[PDB]
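Asks: Chains as they are written, first to last, in the authors' numbering: chain A, 199 to 399; chain B, 251 to 299; chain C, 40 to 234; chain D, 40 to 234; chain E, 799 to 947; chain F, 799 to 847; chain G, 1 to 97.
Where a beta carbon is used, it is the ideal one built from N, C-alpha and C, also for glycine.
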Amino acid sequence: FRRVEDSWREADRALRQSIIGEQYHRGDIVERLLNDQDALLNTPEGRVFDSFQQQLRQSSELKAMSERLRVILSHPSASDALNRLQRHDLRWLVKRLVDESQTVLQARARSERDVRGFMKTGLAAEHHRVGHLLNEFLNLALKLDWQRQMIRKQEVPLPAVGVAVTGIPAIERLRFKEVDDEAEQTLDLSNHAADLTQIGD
Amino acid sequence: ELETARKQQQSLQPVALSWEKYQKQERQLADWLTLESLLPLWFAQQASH
Amino acid sequence: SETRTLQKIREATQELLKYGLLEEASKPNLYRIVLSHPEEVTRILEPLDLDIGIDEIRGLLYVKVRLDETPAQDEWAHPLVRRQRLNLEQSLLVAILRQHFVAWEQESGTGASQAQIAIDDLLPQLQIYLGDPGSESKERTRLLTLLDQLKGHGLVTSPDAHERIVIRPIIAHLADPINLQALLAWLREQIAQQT
Amino acid sequence: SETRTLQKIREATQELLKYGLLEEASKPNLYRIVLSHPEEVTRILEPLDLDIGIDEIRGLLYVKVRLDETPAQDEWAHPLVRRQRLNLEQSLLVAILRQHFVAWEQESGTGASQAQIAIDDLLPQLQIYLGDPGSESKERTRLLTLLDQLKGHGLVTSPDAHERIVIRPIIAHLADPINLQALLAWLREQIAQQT
Amino acid sequence: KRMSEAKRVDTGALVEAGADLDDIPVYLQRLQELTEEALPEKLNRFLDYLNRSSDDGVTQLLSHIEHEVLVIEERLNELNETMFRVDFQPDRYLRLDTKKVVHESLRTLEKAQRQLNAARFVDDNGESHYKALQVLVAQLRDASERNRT
Amino acid sequence: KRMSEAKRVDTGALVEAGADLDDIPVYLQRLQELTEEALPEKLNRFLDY
Amino acid sequence: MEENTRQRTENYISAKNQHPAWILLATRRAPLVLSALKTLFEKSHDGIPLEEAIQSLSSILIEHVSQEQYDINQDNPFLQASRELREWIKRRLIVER
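Structure, rendered in C-alpha cells:
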C-alpha cells in the first residue's frame, strides 16, 4: 500500500500537469482522467487496491479477521513470539489499511476537483482571448528550470502599473528619541500575607 | 456538464442541417435569376436570326 | 491670492501618488474627484513623467509611467518608482491569479472586487512548477512570501483570518493581452536560449 | 494636448524628489537649472503640498512641506511623507554631527567649506555615550551601519581613503535641533549618574 | 426558430451573438467545437466512474467509523485492565461493558447501504447505483451540516 | 422572434400553443385576457391580501 | 532474456544514485540516523506532530553526544534536532503533512 499511494500520487500529478496543457479539449481531459484512472487500476498494485475494496464490500470477513486477531494476540505465546510493537501493528492491521486507502481516495478527489475546475468554462468573448493567452504562457512555463534560483529570480519585462511613489525624503520628517520619559515603573516583590478576619461569619 | 453538452449539440445539429438546406436554395436562386437575366439576350439573338 | 489647486484635488492626487492606485470601492470620494478633473491630474503628473490610466468599468485609477520619452529599455528605471522589477516566479503567480480572476469575473461580471481565492487553492497550482519539497508548511511559507511580494506591488491583499485573499482588479491591467503577449515572446526567446 | 515641460526641469524635479535635495557641489547642472526656473519648480510642487527651501550660502536645495501651520491638527501629517523617529543611537549620531558641523561653521564661516571628521574621532564619543559593545571591530561595525542609515537620509557621505566622512549640509535645516540639545544634555547627565 | 431554441439552452457562448443570418457563423462554429470535443459519448463511461469513485469514498468512510468504534472498544478493555489490578471493595472490581446503539438514523443508514449493495447488480448503466449513492450521500451531508442533533 | 421569446417567458398559458402564424390568435387571446381579466384580478387579490 | 541481464545493471546504478534508501545506507553516518528515526517512528503509528518529533529527536541526540567520531554537539541539541529533521525532509526520508 505504501507504493499504491505513490502510484496514485503520480497519476494525479500527471493529470494536473496535463490540465495546464493547452492541446486538450474538455473531452480530451475527461478522457485522460478516465483512462489514467483505469490504467492505474489495472496495474498489479491497482488490483491489490481493488481486492481490498471488494473485501470492504463484504465487510463481514474483515471484521471476522480482526476478531480472530484479537483472540490470537491475547494468547500468552504471542508475547514470546512478538514484541509489543509488532503485536500492536498486527492487531490494528485492518485499521491501518482502511486509513491508508484514504490517501488513494484523496488523490482521486483532487484530480476530480481539478477536472471540475476545467470543465465548467463556458467562457465569453473577452475572457476567451486572455484564457488562451494564459494557457500558452503556462505551457511555456513548465519547460523552465524552476529549481534553479537564478531562473526563479529572472527579471520579467512587464509594464509598471499601479506605480506607487512614497517617502520623498524631506529632511523635516525626521524626529528623535524622546527619552525624557524617565519615570521608572516600581517593582512589587512583597509577600501579601493575609489576615482571615476580613471574611464574614 | 456532460448532459448539458449533449443537449447543446442536440439543439445545434438541426441548425446546421437547415442552414445547408438553405444554402442549397440560395444556389438554386442565384444562378436561376442569372438565367433570367440572360433570357432577353438569347431571345434577341433568336429573333434577329 | 496665489492660485492654489482645489484642496480636494490636491488631497486626492497626493493619496493616489502615495498608493499608486485608487479604487472606487474603497475611496469613492477621491476616485470621483479625479474622474471629474482627469485633465487636471494629467497636468499635475505630466512633469514627473507620470500619467494616469483609467478603467471606469472595474472602478480603478492607476498611475502609469509616461511613455513620451522614457528610456525604452524599461520604465522601472524611472527615478521615482520605488518597487523593484517583477521577477518570473512572481509573474507565474500573477498568471495564476489572473486566470482565477477571469474565471470569477465570468460569473460575477465586471462587478465590485469579490475576487477571492483560498490560499489552499494556490498550493496545488504552484506545486507543479516550483516542485514538491515534501512539507506543506514549507510550501505555505514559500507561497506567503510570494504573496507578500505581490502585495508590495498592490496586486493582492494580505491574507485575512480565513486564509483568503482578494485580487485587486489592477491585475487585469498588469496582465492584459498586450503585456501577456510581450511576456510570452520574451519567455519563448528565453527558452530558445536555454536550448 | 498641452505642451511638455522642459526635460531639464522634469529631470531635476524628479532628482530632487528622489533624494529630497540637490547640491551645488555635486550636481551643478540640476541645481542651477532649478534655481533659474524657481517659479516653475514651486508651481510643479505646489499641488502636492510641497515646496523648495533654498540655501545659496551652503549651496543646498531641499524640499519642505508647504502645509499651512497647524492646518487641521496640532502637528501635521502628510500622506506622501512618513515622519520617522530615529532610534536612540541614531539620534546621538545626528546630535554629534550637528554640533561638530556648527563648530565647523564657527571656525570656517557658514557654507564656506564642507565639514569633515575622522572615524577615530567619533568612535570614542560613541563609546562614551553608549558603552563598549565588546571590541573596536564591533564599534566600527555599529558606526558603519549607522553611517549607512544616515547616508540613506542624505545626511552623510561614504567613508573615504582617510577613514573620514563629510557631513551633508542638509543638517542645517533639521527640524528640532533644540530637542537634540535636550537629548544631549540628558545623555551627559546619564553618563554621570549611571556611574 | 432553431437558433432561438439553441439560445434557450446556451451558457455564455451564443448569448454574445444574435439570431440572424450574420450569426450563423458562430453558431455552426460552436456546433463544430462540440462535435470535436465529443463529450456526450463519454457520458455512459463517466457515470460508471462516478459511481465507482463515490462508492469507494462512502464505503471507506463508513468502515473507518466502524474501526474507530473498535478502537474505542480496545480503550475500554485497557481501562478494564487497570481497574482489575485494584479492589473497588473487599472482593469486587468494576468492569466496563459496551453495547450498540439502536438509533433510528443508524437503522436508516443500514437500510440505505443494503439498498446500495443491492444496486451494484442491476444493469442500467448504473442509474440505480447512482440513485442509491444519491440517497446515501444525502444522509451523509445532512448529518454533516446539522451535526449537533 | 418576439413570439418565441414570449413562449420562452410563458409559464404554461402557451404550452398548448405553437410558434406559428396560426397561433397569432392564441397570442392575441392571451394578451387581451391578461390585460382585461388576469392582471386586474391578480392585482385585486394582491391588494386585498 | 538478455535485456534482463544488461539493462538490470542500469536499473541498479540508477537506484544507487537516486533512490533515497540506498543513498542513506551508503552515507558514512547511516546507523545513527536510522536508529534515531526508528526510535521516533516505532512508538506512534499516526504520524508525529512536528514539535513533539523535534523534542524527541533532541532527547535522542543528547544520548549520542558520547560518540567521539560523529558530529558532537554540546551547546544546543535542540537546534541540531531541528536542522536534521529539516535535512531528512530534504532527502525525502520523511514527508510532513
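1. In its own chain, which residues sit with a C-beta less than 8 Å from the C-beta of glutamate 178 (chain D), not counting the 5 before and 5 after it?
2. Along the chain, which unbroken stretches of the beta strand (DSSP E) at least 3 residues long are found entirely within the stretch 142–181 of chain C?
3. Assuming the contact rule is C-beta atoms closer than 8 Å, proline 198 (chain C) and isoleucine 230 (chain C) should be a hit. Round their C-beta distance to whole Å, please.
4. Is the stretch 824–843 of chain E close to the stretch 259–269 of chain B, with three or more CB pairs under 8 Å?
5. Please state the DSSP three-state secondary structure of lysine 16 (chain G).
6. Secondary structure at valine 246 (chain A), three-state DSSP: helix, strand or coil?
7. For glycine 816 (chain E), does the three-state DSSP call read helix, strand or coil?
8. Please list, in chain order, all residues of the same chain as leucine 136 (chain D) whose beta carbon is under 6 Å from its beta carbon, the five residues on each side excluded.
9. Just to confirm the assignment, what range does the beta strand (DSSP E) spanning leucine 226 (chain D) have?
10. Can you say whether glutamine 53 (chain D) is buried or exposed, counting buried as having 16 or more other CB atoms within 10 angstroms of its CB?
11. Measuring CB to CB, does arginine 105 (chain D) end up less than 7 Å from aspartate 88 (chain D)?
12. Excluding the 5 residues preceding and the 5 following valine 884 (chain E) in the sequence, name in chain order all residues of the same chain whose CB lies nearer than 8 Å to its CB.
13. Shorter than 7 Å from the beta carbon of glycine 360 (chain A) to some beta carbon of chain D?
14. Quick one: list the residues of chain J neighbouring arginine 97 (chain G), beta-carbon separation under 7 Å, in chain order.
15. Could you pull out every unbroken alpha helix (DSSP H) segment of at least 4 residues lying fully inside the stretch 40–81 of chain C, listed in chain order?
16. With a threshold of 7 Å between beta-carbons, can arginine 350 (chain A) be considered close to chain C, or not?
17. Please tell me whether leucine 45 (chain C) and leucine 338 (chain A) are closer than 7 Å, where the distance is taken between their beta carbons.
18. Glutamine 383 (chain A) versus chain C: which residues are under 8 Å apart at the beta carbon?
19. Can you grab the Cα-Cα spacing for the pair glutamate 52 (chain G) / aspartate 287 (chain A), in whole Å?
20. If distances are taken between C-alpha atoms only, which option among C:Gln129, C:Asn218, C:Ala151 and C:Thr180 comes closest to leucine 331 (chain A)?
21. Short check: CB of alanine 81 (chain G) to CB of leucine 57 (chain G), under 7 Å?
22. Report the option in D:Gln188, D:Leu127 and D:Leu189 whose CA atom is closest to the CA atom of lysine 375 (chain A).
23. Name the residue from D:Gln112, D:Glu202 and D:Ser65 whose alpha carbon lies nearest to the alpha carbon of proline 208 (chain D).
24. If you run the structure through DSSP and keep just helix, strand and coil, what is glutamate 68 (chain G)?
25. Counting only beta-carbon atoms, is residue 789 (chain E) nearer than 7 Å to chain B?
26. On the three-state DSSP scale, how would you describe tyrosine 101 (chain C)?
27. Among C:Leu60, C:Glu79 and C:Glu62, which has the Cα closest to the Cα of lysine 47 (chain C)?
28. So which residues on chain A does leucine 182 (chain C) lean against when the C-beta distance must stay under 7 Å?
29. Three Cβ pairs or more, each shorter than 8 Å: is that satisfied between the stretch 266–281 of chain A and the stretch 20–35 of chain G?
30. Determine which residues of the stretch 237–264 of chain A have a Cβ less than 7 Å from any Cβ of chain B, and write them out in chain order.
31. Looking at C-beta atoms only, is the number of pairs between the stretch 848–859 of chain E and the stretch 932–941 of chain E that lie closer than 8 Å three or more?
32. Run through chain E and tell me which residues come within less than 8 Å of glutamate 253 (chain B), C-beta to C-beta.
33. Skipping 5 residues on each side, what residues in its chain have a beta carbon closer than 8 Å to that of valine 65 (chain G)?
34. If I'm right that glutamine 129 (chain C) touches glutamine 188 (chain C) with Cβ under 8 Å, what's the distance once you round it to whole angstroms?
35. Kindly indicate which three-state DSSP category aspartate 113 (chain D) falls into: helix, strand or coil?
36. Counting pairs of Cβ atoms below 8 Å between the stretch 862–869 of chain E and the stretch 295–315 of chain A, do you hit three or more?
Replies: A quick look at the data gives this:
1. Around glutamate 178 (chain D): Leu162, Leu165, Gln166, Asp171 and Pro172.
2. Restricting attention to beta strand (DSSP E) runs no shorter than 3 residues, the stretch 142–181 of chain C encloses them at 155–157, ordered along the chain.
3. Wrong, their Cβ atoms sit about 33 Å apart, outside the cutoff.
4. With three or more CB-CB distances shorter than 8 Å, the stretch 824–843 of chain E counts as touching the stretch 259–269 of chain B.
5. Correct three-state label for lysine 16 (chain G): helix.
6. In the structure shown, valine 246 (chain A) sits in a helix (DSSP, three-state: H, G or I).
7. Residue state, collapsed to three classes: coil.
8. The residues are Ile206.
9. Where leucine 226 (chain D) is concerned, there is no enclosing beta strand (DSSP E), although the alpha helix (DSSP H) around it starts and stops at 216–232.
10. When all chains shown are included, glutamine 53 (chain D) counts as buried.
11. The Cβ atoms of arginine 105 (chain D) and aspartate 88 (chain D) lie closer than 7 Å to each other.
12. Spatial neighbours of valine 884 (chain E) in its own chain (CB-CB distance under 8 Å, excluding positions within 5 residues in sequence) are listed in chain order as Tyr891.
13. Not one chain D Cβ lies under 7 Å of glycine 360 (chain A).
14. The structure shown contains no chain J; the protein chains it does contain are A, B, C, D, E, F and G.
15. Listed in chain order, the complete alpha helix (DSSP H) runs (minimum 4 residues) inside the stretch 40–81 of chain C are 46–58 and 67–75.
16. The beta carbon of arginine 350 (chain A) falls within 7 Å of a beta carbon belonging to chain C, placing the residue at that interface.
17. For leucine 45 (chain C) and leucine 338 (chain A), no; Cβs fall outside 7 Å.
18. What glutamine 383 (chain A) touches in chain C, judged by beta-carbon distance under 8 Å, is nothing: the nearest beta carbon there is about 34 Å away.
19. Roughly 22 Å between the two C-alpha positions.
20. The residue from C:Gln129, C:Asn218, C:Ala151 and C:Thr180 with its alpha-carbon nearest to that of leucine 331 (chain A) is C:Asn218.
21. Going by C-beta atoms, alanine 81 (chain G) is nearer than 7 Å to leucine 57 (chain G).
22. Between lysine 375 (chain A) and the set D:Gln188, D:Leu127 and D:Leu189, the nearest pair of CA atoms involves D:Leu127.
23. Looking at D:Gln112, D:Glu202 and D:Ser65, the one whose alpha-carbon comes closest to that of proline 208 (chain D) is D:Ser65.
24. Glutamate 68 (chain G): coil per DSSP, three-state reduction.
25. The structure shown does not extend to residue 789 (chain E), since chain E spans only 799 to 947, so no value can be given for it.
26. Under the three-state reduction of DSSP output, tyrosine 101 (chain C) falls in the strand class.
27. Per the Cα distances, C:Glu79.
28. Near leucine 182 (chain C) there are no residues of chain A at all, since even the closest Cβ is about 13 Å away, more than 7 Å.
29. Two segments are said to touch when three or more pairs of C-beta atoms, one from each, lie closer than 8 Å; by this definition the stretch 266–281 of chain A does not touch the stretch 20–35 of chain G.
30. Those would be none; no residue qualifies.
31. The stretch 848–859 of chain E makes contact with the stretch 932–941 of chain E: 3 or more CB pairs, one atom from each, lie closer than 8 Å.
32. For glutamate 253 (chain B), the chain E residues whose Cβ falls inside 8 Å of its Cβ are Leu841, in order along the chain.
33. Excluding sequence neighbours, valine 65 (chain G) sits near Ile72, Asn73, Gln74 and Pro77.
34. With a Cβ gap of about 6 Å, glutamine 129 (chain C) and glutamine 188 (chain C) count as contacting.
35. Coil, per DSSP.
36. Segments in contact, yes.
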